[PDB]
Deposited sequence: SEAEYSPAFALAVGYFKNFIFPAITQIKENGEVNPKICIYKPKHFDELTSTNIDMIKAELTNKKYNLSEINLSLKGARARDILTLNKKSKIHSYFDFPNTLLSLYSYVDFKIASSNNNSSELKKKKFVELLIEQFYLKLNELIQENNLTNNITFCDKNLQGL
């Protein structure tokens, strides 16, 4: 599966290092909410701009996480939307925005993108559960509400 590979890279190179680092830095109950779109149109610039405005309205700022953990890593600085003064984070998975290019009538490809989205989150959720991270890693809708 192509989406499984993208989920593995997203988890192993971003979500897992971020939450592991934050826990070591002292935060005992940090939360990373991962945006979970369903439909192809949620990957458009219009929906991305909506979420970016919403992050600003709710006082999130793009912030760095410096990595000090073990592990082969070419990047040592992660960037995550972080709520002001609060141990909550948000991410729109950028990798999902490559799915249309990968798949490439125009309507048939959009439905294939939506199946890849579903499989992406199928694998990502599996990885979260297998690392017992459900208390820290959750999924957010368009309104940054859990589930």
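S.K.: Go through the deposited sequence from residue 1 and tell me which stretches lack C-alpha coordinates, in order.
M.R.: Residues lacking C-alpha coordinates: 1-5, 110-119.
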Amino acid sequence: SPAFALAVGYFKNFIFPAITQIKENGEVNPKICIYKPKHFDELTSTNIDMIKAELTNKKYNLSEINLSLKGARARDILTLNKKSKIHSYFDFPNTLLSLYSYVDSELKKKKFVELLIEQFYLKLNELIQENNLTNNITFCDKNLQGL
From here on, numbers count along this sequence of modelled residues.
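S.K.: Using only the Cα atoms and their B-factors as the entry lists them, report which of 53-61 and 66-74 averages higher.
M.R.: Averaged over C-alpha atoms, the B-factors run higher in 66-74.
S.K.: Given the B-factors recorded for C-alpha atoms, which segment has the greater mean, 93-101 or 108-116?
M.R.: On average, C-alpha B-factors are higher across 108-116.
S.K.: Give the position of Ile15 by CA B-factor within its chain, expressed as the lowest, middle or highest third.
M.R.: Lowest third - that is where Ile15 ends up once the chain's C-alpha B-factors are sorted.
S.K.: Once the chain's modelled residues are ordered by C-alpha B factor and cut into thirds, is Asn135 in the lowest, middle or highest one?
M.R.: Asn135: CA B-factor falls in the highest third of its chain.
S.K.: What third of the chain, by the recorded C-alpha B-factor, contains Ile48?
M.R.: Its C-alpha B-factor, which the entry lists for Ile48, ranks in the lowest third among residues of this chain.
S.K.: Considering only modelled residues of the same chain, in which third does the CA B-factor of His87 rank: lowest, middle or highest?
M.R.: Highest third of the chain for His87's C-alpha B-factor.
S.K.: For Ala5, does the deposited CA B-factor place it in the lowest, middle or highest third of the chain?
M.R.: Middle third, going by the recorded CA B-factors of the chain.
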